[PDB]
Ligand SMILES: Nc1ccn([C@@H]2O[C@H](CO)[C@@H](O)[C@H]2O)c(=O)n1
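Just the one chain here, laid out as structure tokens, in the form deposited without the named molecule.
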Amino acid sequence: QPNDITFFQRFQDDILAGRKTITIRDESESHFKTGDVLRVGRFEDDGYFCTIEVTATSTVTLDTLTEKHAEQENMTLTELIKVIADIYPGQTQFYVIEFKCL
């Protein structure tokens, strides 16, 4: 059973505990959609750790990321923008995937 999506393992505990319920991705992962059931692995070792159900998707830009996006990331907004500047340098167009761990 291959993984459909991966996360940095520093997110694993937040996802399993339900503290992190969205992910913000670039055009590479814009194909996920409400109702998808996805096997999730760690980015570093591809260890499966959960199956998620996508509950909502939306587009977002750097300048329209909100406090509520940050809360759903278990982050402050300033922290979230810094994460995005590191993982998606120079990018401004993103896609929000909201999910629940099954």
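Residue numbers here begin at 1 and follow the sequence given.
Between 41 to 49 and 58 to 66, the higher mean Cα B-factor belongs to 41 to 49. Relative to one another, 79 to 87 and 21 to 29 have unequal mean CA B-factors, and 21 to 29 is the one with the higher figure. For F8, the recorded CA temperature factor ranks within the highest third of the chain's modelled residues.
Here the subject shifts to the form solved in complex with the named molecule, a form of this protein not shown in this document.
Although the partner is absent from the chain shown here, none of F32, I52 and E98 has a heavy atom within 4.5 Å of the named molecule in the bound PDB entry. Put simply, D36 is far from the named molecule in the bound PDB entry: not one heavy atom of it is within 4.5 Å.
Proximity of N3 to the named molecule in the bound PDB entry: non-hydrogen atoms within 4.5 Å are absent; the residue sits far from the partner. Residue contact with the named molecule in the bound PDB entry: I87 places a heavy atom within 4.5 Å of it. Proximity of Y48 to the named molecule in the bound PDB entry: non-hydrogen atoms within 4.5 Å are absent; the residue sits far from the partner. Residues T23, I24, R25, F43 of 20 to 53 are found to place at least one heavy atom within 4.5 Å of the named molecule in the bound PDB entry.
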